[PDB]
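Structure file work.cif with mmCIF, N, CA, C and O atoms:
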```cif
data_target
loop_
_atom_site.label_atom_id
_atom_site.label_comp_id
_atom_site.auth_asym_id
_atom_site.auth_seq_id
_atom_site.Cartn_x
_atom_site.Cartn_y
_atom_site.Cartn_z
N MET O 1 64.43 9.27 34.61
CA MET O 1 64.51 10.00 33.31
C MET O 1 63.83 11.37 33.44
O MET O 1 62.76 11.59 32.93
N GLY O 2 64.46 12.29 34.13
CA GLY O 2 63.87 13.65 34.29
C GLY O 2 62.98 13.67 35.54
O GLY O 2 61.92 13.08 35.57
N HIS O 3 63.40 14.36 36.57
CA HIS O 3 62.58 14.44 37.81
C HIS O 3 61.56 15.57 37.67
O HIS O 3 60.64 15.68 38.46
N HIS O 4 61.72 16.40 36.68
CA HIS O 4 60.76 17.54 36.48
C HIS O 4 60.61 17.81 34.98
O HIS O 4 61.52 17.60 34.20
N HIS O 5 59.47 18.29 34.57
CA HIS O 5 59.25 18.59 33.12
C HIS O 5 58.26 19.75 32.98
O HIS O 5 57.60 20.13 33.93
N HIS O 6 58.16 20.32 31.80
CA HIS O 6 57.22 21.46 31.58
C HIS O 6 56.02 20.99 30.76
O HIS O 6 56.10 20.03 30.03
N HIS O 7 54.90 21.65 30.91
CA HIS O 7 53.68 21.23 30.17
C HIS O 7 53.79 21.64 28.70
O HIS O 7 54.48 22.58 28.35
N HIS O 8 53.10 20.95 27.84
CA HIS O 8 53.14 21.29 26.39
C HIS O 8 52.33 22.56 26.15
O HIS O 8 52.35 23.12 25.07
N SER O 9 51.63 23.02 27.14
CA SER O 9 50.81 24.26 26.98
C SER O 9 49.75 24.03 25.90
O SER O 9 49.34 24.94 25.21
N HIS O 10 49.31 22.81 25.74
CA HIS O 10 48.28 22.51 24.71
C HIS O 10 47.01 23.31 25.02
O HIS O 10 46.39 23.87 24.14
N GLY O 11 46.64 23.37 26.28
CA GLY O 11 45.42 24.14 26.68
C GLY O 11 44.34 23.19 27.19
O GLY O 11 44.44 22.64 28.28
N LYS O 12 43.30 22.99 26.43
CA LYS O 12 42.20 22.09 26.87
C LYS O 12 42.69 20.64 26.95
O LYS O 12 43.32 20.13 26.05
N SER O 13 42.38 19.97 28.03
CA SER O 13 42.80 18.55 28.20
C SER O 13 41.79 17.84 29.11
O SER O 13 42.15 17.02 29.93
N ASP O 14 40.53 18.16 28.97
CA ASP O 14 39.49 17.52 29.83
C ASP O 14 39.04 16.21 29.19
O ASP O 14 38.05 16.16 28.49
N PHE O 15 39.76 15.15 29.44
CA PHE O 15 39.39 13.82 28.86
C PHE O 15 39.54 12.75 29.94
O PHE O 15 40.34 12.87 30.84
N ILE O 16 38.76 11.70 29.85
CA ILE O 16 38.83 10.60 30.86
C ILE O 16 39.05 9.27 30.14
O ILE O 16 38.63 9.08 29.02
N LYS O 17 39.72 8.34 30.78
CA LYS O 17 39.99 7.02 30.14
C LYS O 17 38.99 5.99 30.67
O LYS O 17 38.94 5.71 31.85
N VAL O 18 38.19 5.44 29.80
CA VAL O 18 37.18 4.42 30.23
C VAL O 18 37.13 3.29 29.21
O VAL O 18 37.61 3.41 28.10
N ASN O 19 36.54 2.18 29.59
CA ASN O 19 36.44 1.02 28.66
C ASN O 19 35.03 0.98 28.06
O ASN O 19 34.05 1.22 28.75
N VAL O 20 34.92 0.67 26.79
CA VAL O 20 33.58 0.61 26.13
C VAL O 20 33.39 -0.78 25.51
O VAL O 20 34.25 -1.29 24.82
N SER O 21 32.26 -1.38 25.77
CA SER O 21 31.97 -2.74 25.22
C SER O 21 30.55 -2.75 24.66
O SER O 21 29.68 -2.06 25.15
N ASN O 22 30.31 -3.53 23.64
CA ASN O 22 28.95 -3.59 23.03
C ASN O 22 28.32 -4.96 23.28
O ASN O 22 29.00 -5.97 23.35
N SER O 23 27.03 -5.00 23.44
CA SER O 23 26.34 -6.30 23.70
C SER O 23 26.16 -7.08 22.40
O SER O 23 26.84 -8.05 22.15
N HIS O 24 25.23 -6.67 21.58
CA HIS O 24 24.98 -7.40 20.30
C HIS O 24 26.04 -7.04 19.26
O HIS O 24 25.73 -6.65 18.15
N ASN O 25 27.30 -7.18 19.59
CA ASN O 25 28.37 -6.86 18.61
C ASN O 25 29.72 -7.30 19.17
O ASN O 25 30.00 -7.14 20.35
N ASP O 26 30.57 -7.84 18.34
CA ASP O 26 31.91 -8.29 18.82
C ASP O 26 32.89 -7.11 18.78
O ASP O 26 34.05 -7.25 19.11
N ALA O 27 32.43 -5.96 18.39
CA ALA O 27 33.33 -4.78 18.33
C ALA O 27 33.51 -4.20 19.73
O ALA O 27 32.56 -3.83 20.39
N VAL O 28 34.73 -4.12 20.20
CA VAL O 28 35.00 -3.57 21.57
C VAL O 28 36.13 -2.54 21.48
O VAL O 28 37.15 -2.77 20.86
N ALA O 29 35.95 -1.40 22.11
CA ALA O 29 37.01 -0.34 22.08
C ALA O 29 37.66 -0.26 23.46
O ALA O 29 36.98 -0.11 24.46
N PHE O 30 38.97 -0.36 23.53
CA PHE O 30 39.67 -0.31 24.85
C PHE O 30 40.48 0.99 24.97
O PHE O 30 41.00 1.50 24.00
N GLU O 31 40.58 1.51 26.16
CA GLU O 31 41.34 2.77 26.38
C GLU O 31 40.84 3.86 25.43
O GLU O 31 41.59 4.41 24.65
N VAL O 32 39.57 4.18 25.49
CA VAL O 32 39.01 5.24 24.60
C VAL O 32 38.84 6.53 25.41
O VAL O 32 38.18 6.55 26.43
N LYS O 33 39.45 7.60 24.97
CA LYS O 33 39.34 8.89 25.71
C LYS O 33 38.20 9.73 25.14
O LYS O 33 38.03 9.82 23.94
N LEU O 34 37.40 10.33 25.98
CA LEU O 34 36.26 11.16 25.50
C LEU O 34 36.22 12.48 26.28
O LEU O 34 36.47 12.52 27.47
N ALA O 35 35.91 13.56 25.61
CA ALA O 35 35.86 14.88 26.30
C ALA O 35 34.67 14.90 27.28
O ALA O 35 33.61 14.38 27.00
N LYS O 36 34.85 15.51 28.42
CA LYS O 36 33.75 15.56 29.42
C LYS O 36 32.71 16.60 28.98
O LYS O 36 31.60 16.62 29.47
N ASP O 37 33.06 17.46 28.07
CA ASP O 37 32.10 18.50 27.60
C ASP O 37 31.15 17.88 26.57
O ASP O 37 30.27 18.55 26.06
N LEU O 38 31.32 16.63 26.26
CA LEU O 38 30.43 15.98 25.26
C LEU O 38 29.07 15.67 25.90
O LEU O 38 28.99 15.29 27.04
N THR O 39 28.01 15.83 25.15
CA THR O 39 26.66 15.55 25.69
C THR O 39 26.32 14.07 25.49
O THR O 39 26.98 13.36 24.76
N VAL O 40 25.28 13.61 26.13
CA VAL O 40 24.87 12.19 25.98
C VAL O 40 24.47 11.93 24.52
O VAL O 40 24.84 10.94 23.93
N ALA O 41 23.70 12.81 23.95
CA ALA O 41 23.27 12.62 22.53
C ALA O 41 24.51 12.54 21.65
O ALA O 41 24.59 11.74 20.74
N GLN O 42 25.49 13.36 21.91
CA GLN O 42 26.73 13.33 21.09
C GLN O 42 27.42 11.98 21.31
O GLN O 42 27.95 11.38 20.40
N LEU O 43 27.43 11.50 22.53
CA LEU O 43 28.08 10.19 22.81
C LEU O 43 27.34 9.08 22.03
O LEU O 43 27.95 8.22 21.44
N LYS O 44 26.04 9.11 22.03
CA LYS O 44 25.27 8.07 21.30
C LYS O 44 25.58 8.15 19.80
O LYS O 44 25.74 7.15 19.14
N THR O 45 25.69 9.34 19.27
CA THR O 45 26.00 9.47 17.82
C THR O 45 27.39 8.88 17.54
O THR O 45 27.58 8.15 16.59
N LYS O 46 28.35 9.18 18.37
CA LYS O 46 29.72 8.62 18.15
C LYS O 46 29.68 7.10 18.29
O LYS O 46 30.22 6.38 17.47
N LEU O 47 29.03 6.61 19.30
CA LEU O 47 28.94 5.14 19.49
C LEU O 47 28.10 4.52 18.37
O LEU O 47 28.39 3.45 17.88
N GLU O 48 27.06 5.20 17.96
CA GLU O 48 26.19 4.65 16.88
C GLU O 48 27.07 4.28 15.68
O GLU O 48 26.96 3.20 15.13
N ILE O 49 27.94 5.16 15.28
CA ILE O 49 28.83 4.85 14.12
C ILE O 49 29.75 3.69 14.50
O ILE O 49 29.98 2.78 13.72
N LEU O 50 30.29 3.72 15.69
CA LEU O 50 31.21 2.64 16.14
C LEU O 50 30.47 1.30 16.20
O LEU O 50 30.99 0.27 15.81
N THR O 51 29.26 1.29 16.69
CA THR O 51 28.50 0.01 16.78
C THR O 51 27.64 -0.18 15.52
O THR O 51 27.18 -1.26 15.23
N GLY O 52 27.43 0.87 14.78
CA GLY O 52 26.61 0.75 13.54
C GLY O 52 25.16 0.45 13.92
O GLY O 52 24.32 0.20 13.08
N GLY O 53 24.86 0.45 15.19
CA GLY O 53 23.47 0.16 15.64
C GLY O 53 22.58 1.38 15.44
O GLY O 53 22.97 2.34 14.81
N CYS O 54 21.38 1.34 15.96
CA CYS O 54 20.44 2.50 15.81
C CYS O 54 20.44 3.33 17.09
O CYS O 54 20.11 2.85 18.15
N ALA O 55 20.82 4.57 16.99
CA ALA O 55 20.85 5.45 18.19
C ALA O 55 19.44 5.59 18.77
O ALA O 55 19.26 5.87 19.94
N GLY O 56 18.43 5.41 17.96
CA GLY O 56 17.03 5.55 18.47
C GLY O 56 16.65 4.31 19.28
O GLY O 56 15.66 4.31 19.99
N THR O 57 17.42 3.26 19.17
CA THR O 57 17.12 2.00 19.93
C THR O 57 18.33 1.63 20.78
O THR O 57 18.31 0.67 21.53
N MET O 58 19.40 2.37 20.66
CA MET O 58 20.63 2.06 21.45
C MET O 58 20.58 2.79 22.79
O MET O 58 20.38 3.99 22.86
N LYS O 59 20.78 2.07 23.87
CA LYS O 59 20.77 2.70 25.23
C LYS O 59 22.17 2.59 25.84
O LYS O 59 22.90 1.66 25.57
N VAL O 60 22.54 3.55 26.65
CA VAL O 60 23.89 3.54 27.29
C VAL O 60 23.72 3.46 28.81
O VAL O 60 22.95 4.21 29.39
N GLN O 61 24.44 2.58 29.45
CA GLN O 61 24.34 2.45 30.94
C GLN O 61 25.74 2.44 31.54
O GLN O 61 26.68 1.94 30.95
N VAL O 62 25.89 3.01 32.70
CA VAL O 62 27.24 3.06 33.36
C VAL O 62 27.39 1.86 34.30
O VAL O 62 26.52 1.59 35.10
N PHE O 63 28.49 1.15 34.19
CA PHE O 63 28.72 -0.03 35.08
C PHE O 63 30.07 0.11 35.79
O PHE O 63 31.06 0.49 35.20
N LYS O 64 30.10 -0.22 37.05
CA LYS O 64 31.37 -0.13 37.83
C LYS O 64 31.48 -1.36 38.73
O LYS O 64 31.18 -1.32 39.91
N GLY O 65 31.92 -2.47 38.18
CA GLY O 65 32.04 -3.71 38.99
C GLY O 65 30.74 -4.51 38.90
O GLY O 65 30.21 -4.75 37.83
N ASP O 66 30.22 -4.93 40.03
CA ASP O 66 28.95 -5.72 40.03
C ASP O 66 27.76 -4.81 40.35
O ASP O 66 26.65 -5.27 40.54
N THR O 67 27.99 -3.52 40.43
CA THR O 67 26.89 -2.55 40.75
C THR O 67 26.82 -1.46 39.68
O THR O 67 27.82 -0.89 39.30
N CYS O 68 25.64 -1.17 39.19
CA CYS O 68 25.50 -0.12 38.14
C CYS O 68 25.51 1.27 38.80
O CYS O 68 24.80 1.52 39.75
N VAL O 69 26.31 2.17 38.29
CA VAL O 69 26.37 3.53 38.89
C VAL O 69 25.09 4.31 38.54
O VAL O 69 24.42 4.83 39.41
N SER O 70 24.76 4.39 37.28
CA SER O 70 23.53 5.14 36.87
C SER O 70 23.30 4.96 35.37
O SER O 70 24.16 4.51 34.65
N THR O 71 22.13 5.32 34.90
CA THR O 71 21.81 5.20 33.44
C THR O 71 21.58 6.60 32.86
O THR O 71 20.82 7.38 33.40
N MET O 72 22.25 6.92 31.79
CA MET O 72 22.08 8.27 31.19
C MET O 72 20.66 8.45 30.67
O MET O 72 20.36 8.14 29.53
N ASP O 73 19.77 8.93 31.50
CA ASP O 73 18.35 9.14 31.07
C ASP O 73 18.15 10.59 30.61
O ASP O 73 17.32 10.87 29.77
N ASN O 74 18.89 11.50 31.17
CA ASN O 74 18.75 12.94 30.79
C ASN O 74 19.68 13.26 29.62
O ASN O 74 20.88 13.32 29.77
N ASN O 75 19.12 13.46 28.46
CA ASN O 75 19.96 13.78 27.27
C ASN O 75 20.67 15.11 27.47
O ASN O 75 21.81 15.29 27.09
N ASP O 76 20.00 16.06 28.07
CA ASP O 76 20.62 17.39 28.30
C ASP O 76 21.72 17.29 29.37
O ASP O 76 22.12 18.28 29.94
N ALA O 77 22.20 16.11 29.63
CA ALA O 77 23.27 15.93 30.66
C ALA O 77 24.64 15.82 29.98
O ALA O 77 24.75 15.34 28.87
N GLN O 78 25.68 16.26 30.64
CA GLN O 78 27.05 16.19 30.04
C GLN O 78 27.68 14.83 30.33
O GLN O 78 27.29 14.13 31.24
N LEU O 79 28.67 14.46 29.55
CA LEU O 79 29.35 13.15 29.76
C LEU O 79 30.02 13.13 31.14
O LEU O 79 29.96 12.14 31.85
N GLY O 80 30.67 14.19 31.52
CA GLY O 80 31.35 14.21 32.84
C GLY O 80 30.30 14.28 33.95
O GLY O 80 30.61 14.19 35.12
N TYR O 81 29.05 14.44 33.59
CA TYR O 81 27.99 14.51 34.63
C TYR O 81 27.93 13.18 35.39
O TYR O 81 27.86 13.15 36.60
N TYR O 82 27.96 12.08 34.67
CA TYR O 82 27.91 10.74 35.33
C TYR O 82 29.30 10.11 35.31
O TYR O 82 29.64 9.31 36.16
N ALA O 83 30.11 10.46 34.34
CA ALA O 83 31.49 9.88 34.25
C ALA O 83 32.50 10.91 34.77
O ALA O 83 33.35 11.39 34.04
N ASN O 84 32.42 11.26 36.03
CA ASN O 84 33.37 12.25 36.60
C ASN O 84 34.59 11.52 37.16
O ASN O 84 35.44 12.11 37.81
N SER O 85 34.68 10.23 36.93
CA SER O 85 35.83 9.43 37.45
C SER O 85 36.31 8.46 36.36
O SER O 85 35.53 7.95 35.59
N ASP O 86 37.59 8.22 36.30
CA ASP O 86 38.14 7.29 35.26
C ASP O 86 38.04 5.84 35.74
O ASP O 86 37.73 5.57 36.89
N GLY O 87 38.31 4.90 34.87
CA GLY O 87 38.24 3.46 35.27
C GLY O 87 36.80 2.97 35.19
O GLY O 87 36.49 1.84 35.53
N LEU O 88 35.90 3.80 34.75
CA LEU O 88 34.48 3.39 34.64
C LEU O 88 34.28 2.53 33.39
O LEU O 88 35.03 2.61 32.44
N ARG O 89 33.26 1.70 33.40
CA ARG O 89 32.98 0.82 32.23
C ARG O 89 31.60 1.15 31.67
O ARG O 89 30.62 1.15 32.38
N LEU O 90 31.53 1.43 30.40
CA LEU O 90 30.22 1.77 29.76
C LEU O 90 29.76 0.60 28.90
O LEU O 90 30.51 0.07 28.11
N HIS O 91 28.53 0.18 29.06
CA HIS O 91 27.99 -0.96 28.27
C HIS O 91 26.89 -0.46 27.33
O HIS O 91 25.92 0.13 27.76
N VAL O 92 27.04 -0.70 26.06
CA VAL O 92 26.01 -0.25 25.08
C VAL O 92 25.00 -1.38 24.87
O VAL O 92 25.36 -2.49 24.56
N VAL O 93 23.73 -1.09 25.04
CA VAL O 93 22.68 -2.13 24.86
C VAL O 93 21.90 -1.85 23.57
O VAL O 93 21.16 -0.89 23.48
N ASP O 94 22.06 -2.68 22.58
CA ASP O 94 21.34 -2.48 21.29
C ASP O 94 20.10 -3.36 21.24
O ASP O 94 20.19 -4.57 21.15
N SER O 95 18.94 -2.77 21.30
CA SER O 95 17.68 -3.57 21.25
C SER O 95 16.49 -2.66 20.98
O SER O 95 16.30 -2.28 19.84
#
```

Produce structure tokens that represent the structure in this file.
Amino acid sequence: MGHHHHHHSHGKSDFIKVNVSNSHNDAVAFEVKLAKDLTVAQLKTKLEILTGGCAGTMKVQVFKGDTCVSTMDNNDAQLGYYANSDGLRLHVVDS
């Protein structure tokens, strides 16, 4: 169905596809796209509303299989800083 096509010329398209799951909550978001220009604090605020938990007690950790890639400890860090690859799994820890 078409061997070639043209771009929509939308412009900015820096987004990655990752899976998000919450610990103390049955709410799970699948195939959620997020801009890489988003900061960690901005990610916590967006997730805070989604999980309704407390961003001051909510922690975010990166998981990729049976080994953890890294934990967002630097707030002044960008989302694409640790999530520069798709297929990653983010686990929200509310405690």

Can you give me, as a CSV table (one decimal) with N, CA, C and O atoms, in the frame of the given file, the residues this file yields under the PyMOL selection byres ((chain O and resi 63-71) around 5)?
```csv
chain,number,residue,atom,x,y,z
O,60,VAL,N,22.5,3.6,26.6
O,60,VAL,CA,23.9,3.5,27.3
O,60,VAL,C,23.7,3.5,28.8
O,60,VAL,O,23.0,4.2,29.4
O,61,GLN,N,24.4,2.6,29.4
O,61,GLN,CA,24.3,2.4,30.9
O,61,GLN,C,25.7,2.4,31.5
O,61,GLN,O,26.7,1.9,31.0
O,62,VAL,N,25.9,3.0,32.7
O,62,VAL,CA,27.2,3.1,33.4
O,62,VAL,C,27.4,1.9,34.3
O,62,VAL,O,26.5,1.6,35.1
O,72,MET,N,22.2,6.9,31.8
O,72,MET,CA,22.1,8.3,31.2
O,72,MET,C,20.7,8.4,30.7
O,72,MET,O,20.4,8.1,29.5
O,73,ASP,N,19.8,8.9,31.5
O,73,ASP,CA,18.4,9.1,31.1
O,73,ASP,C,18.2,10.6,30.6
O,73,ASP,O,17.3,10.9,29.8
O,88,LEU,N,35.9,3.8,34.8
O,88,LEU,CA,34.5,3.4,34.6
O,88,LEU,C,34.3,2.5,33.4
O,88,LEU,O,35.0,2.6,32.4
O,89,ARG,N,33.3,1.7,33.4
O,89,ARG,CA,33.0,0.8,32.2
O,89,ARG,C,31.6,1.2,31.7
O,89,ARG,O,30.6,1.2,32.4
O,90,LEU,N,31.5,1.4,30.4
O,90,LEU,CA,30.2,1.8,29.8
O,90,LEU,C,29.8,0.6,28.9
O,90,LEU,O,30.5,0.1,28.1
```

Note to self: For the provided coordinates, the residues matched by the PyMOL selection byres (((chain O and resi 75 and name CA) around 10) and name CA) should be stated as a list in words.
What the structure shows: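 In the shown coordinates, the PyMOL selection byres (((chain O and resi 75 and name CA) around 10) and name CA) covers residues 39, 40, 41, 42, 43, 44, 72, 73, 74, 76, 77, 78 and 79 of chain O.
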
Take the selection from the previous step and output its residues with N, CA, C and O atoms, as a short mmCIF file (atom, residue, chain, number, x, y, z; two decimals), keeping the file's coordinate frame.
```cif
data_model
loop_
_atom_site.label_atom_id
_atom_site.label_comp_id
_atom_site.auth_asym_id
_atom_site.auth_seq_id
_atom_site.Cartn_x
_atom_site.Cartn_y
_atom_site.Cartn_z
N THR O 39 28.01 15.83 25.15
CA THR O 39 26.66 15.55 25.69
C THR O 39 26.32 14.07 25.49
O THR O 39 26.98 13.36 24.76
N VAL O 40 25.28 13.61 26.13
CA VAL O 40 24.87 12.19 25.98
C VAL O 40 24.47 11.93 24.52
O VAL O 40 24.84 10.94 23.93
N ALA O 41 23.70 12.81 23.95
CA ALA O 41 23.27 12.62 22.53
C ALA O 41 24.51 12.54 21.65
O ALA O 41 24.59 11.74 20.74
N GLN O 42 25.49 13.36 21.91
CA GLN O 42 26.73 13.33 21.09
C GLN O 42 27.42 11.98 21.31
O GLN O 42 27.95 11.38 20.40
N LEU O 43 27.43 11.50 22.53
CA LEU O 43 28.08 10.19 22.81
C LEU O 43 27.34 9.08 22.03
O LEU O 43 27.95 8.22 21.44
N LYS O 44 26.04 9.11 22.03
CA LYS O 44 25.27 8.07 21.30
C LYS O 44 25.58 8.15 19.80
O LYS O 44 25.74 7.15 19.14
N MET O 72 22.25 6.92 31.79
CA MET O 72 22.08 8.27 31.19
C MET O 72 20.66 8.45 30.67
O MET O 72 20.36 8.14 29.53
N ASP O 73 19.77 8.93 31.50
CA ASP O 73 18.35 9.14 31.07
C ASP O 73 18.15 10.59 30.61
O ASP O 73 17.32 10.87 29.77
N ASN O 74 18.89 11.50 31.17
CA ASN O 74 18.75 12.94 30.79
C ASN O 74 19.68 13.26 29.62
O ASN O 74 20.88 13.32 29.77
N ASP O 76 20.00 16.06 28.07
CA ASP O 76 20.62 17.39 28.30
C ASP O 76 21.72 17.29 29.37
O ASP O 76 22.12 18.28 29.94
N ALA O 77 22.20 16.11 29.63
CA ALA O 77 23.27 15.93 30.66
C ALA O 77 24.64 15.82 29.98
O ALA O 77 24.75 15.34 28.87
N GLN O 78 25.68 16.26 30.64
CA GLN O 78 27.05 16.19 30.04
C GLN O 78 27.68 14.83 30.33
O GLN O 78 27.29 14.13 31.24
N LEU O 79 28.67 14.46 29.55
CA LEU O 79 29.35 13.15 29.76
C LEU O 79 30.02 13.13 31.14
O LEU O 79 29.96 12.14 31.85
#
```

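For the structure in this document, the set picked by the PyMOL selection byres (((chain O and resi 15 and name CA) around 9) and name CA) is residues 12, 13, 14, 16, 17, 33, 34, 35, 36, 37 and 80 of chain O.
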
With N, CA, C and O atoms retained, could you export that selection as a PDB file, in the coordinates of the input?
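Written out: part.pdb:
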```pdb
ATOM      1  N   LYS O  12      43.300  22.990  26.430  1.00  0.00           N
ATOM      2  CA  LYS O  12      42.200  22.090  26.870  1.00  0.00           C
ATOM      3  C   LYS O  12      42.690  20.640  26.950  1.00  0.00           C
ATOM      4  O   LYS O  12      43.320  20.130  26.050  1.00  0.00           O
ATOM      5  N   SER O  13      42.380  19.970  28.030  1.00  0.00           N
ATOM      6  CA  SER O  13      42.800  18.550  28.200  1.00  0.00           C
ATOM      7  C   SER O  13      41.790  17.840  29.110  1.00  0.00           C
ATOM      8  O   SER O  13      42.150  17.020  29.930  1.00  0.00           O
ATOM      9  N   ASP O  14      40.530  18.160  28.970  1.00  0.00           N
ATOM     10  CA  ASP O  14      39.490  17.520  29.830  1.00  0.00           C
ATOM     11  C   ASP O  14      39.040  16.210  29.190  1.00  0.00           C
ATOM     12  O   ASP O  14      38.050  16.160  28.490  1.00  0.00           O
ATOM     13  N   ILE O  16      38.760  11.700  29.850  1.00  0.00           N
ATOM     14  CA  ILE O  16      38.830  10.600  30.860  1.00  0.00           C
ATOM     15  C   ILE O  16      39.050   9.270  30.140  1.00  0.00           C
ATOM     16  O   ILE O  16      38.630   9.080  29.020  1.00  0.00           O
ATOM     17  N   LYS O  17      39.720   8.340  30.780  1.00  0.00           N
ATOM     18  CA  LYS O  17      39.990   7.020  30.140  1.00  0.00           C
ATOM     19  C   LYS O  17      38.990   5.990  30.670  1.00  0.00           C
ATOM     20  O   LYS O  17      38.940   5.710  31.850  1.00  0.00           O
ATOM     21  N   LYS O  33      39.450   7.600  24.970  1.00  0.00           N
ATOM     22  CA  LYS O  33      39.340   8.890  25.710  1.00  0.00           C
ATOM     23  C   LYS O  33      38.200   9.730  25.140  1.00  0.00           C
ATOM     24  O   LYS O  33      38.030   9.820  23.940  1.00  0.00           O
ATOM     25  N   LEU O  34      37.400  10.330  25.980  1.00  0.00           N
ATOM     26  CA  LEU O  34      36.260  11.160  25.500  1.00  0.00           C
ATOM     27  C   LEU O  34      36.220  12.480  26.280  1.00  0.00           C
ATOM     28  O   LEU O  34      36.470  12.520  27.470  1.00  0.00           O
ATOM     29  N   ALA O  35      35.910  13.560  25.610  1.00  0.00           N
ATOM     30  CA  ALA O  35      35.860  14.880  26.300  1.00  0.00           C
ATOM     31  C   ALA O  35      34.670  14.900  27.280  1.00  0.00           C
ATOM     32  O   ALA O  35      33.610  14.380  27.000  1.00  0.00           O
ATOM     33  N   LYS O  36      34.850  15.510  28.420  1.00  0.00           N
ATOM     34  CA  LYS O  36      33.750  15.560  29.420  1.00  0.00           C
ATOM     35  C   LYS O  36      32.710  16.600  28.980  1.00  0.00           C
ATOM     36  O   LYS O  36      31.600  16.620  29.470  1.00  0.00           O
ATOM     37  N   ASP O  37      33.060  17.460  28.070  1.00  0.00           N
ATOM     38  CA  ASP O  37      32.100  18.500  27.600  1.00  0.00           C
ATOM     39  C   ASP O  37      31.150  17.880  26.570  1.00  0.00           C
ATOM     40  O   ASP O  37      30.270  18.550  26.060  1.00  0.00           O
ATOM     41  N   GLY O  80      30.670  14.190  31.520  1.00  0.00           N
ATOM     42  CA  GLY O  80      31.350  14.210  32.840  1.00  0.00           C
ATOM     43  C   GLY O  80      30.300  14.280  33.950  1.00  0.00           C
ATOM     44  O   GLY O  80      30.610  14.190  35.120  1.00  0.00           O
TER      45      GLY O  80
END
```

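The two atoms in question, atom C of residue O:95 and atom N of residue O:55, are spaced 9.3 Å apart.
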
Margin query: I need the residues of chain O that end up classed as strand (DSSP E or B) by DSSP on the backbone, written out as a count of residues only.
Written below: 36

Check: In Å, with one decimal, what is the gap from atom CA of residue O:26 to atom CA of residue O:87?
Finding: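 Atom CA of residue O:87 lies 21.2 Å from atom CA of residue O:26.
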
Check: Counting all atoms listed in the file, which of O:23, O:51, O:9, O:45 gets nearest to residue O:93?
Finding: O:23

Margin query: For a test of reading the model, state the distance in Å between atom O of residue O:38 and atom O of residue O:94, rounded to one decimal.
Written below: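 About the pair atom O of residue O:38 and atom O of residue O:94: they are 22.5 Å apart.
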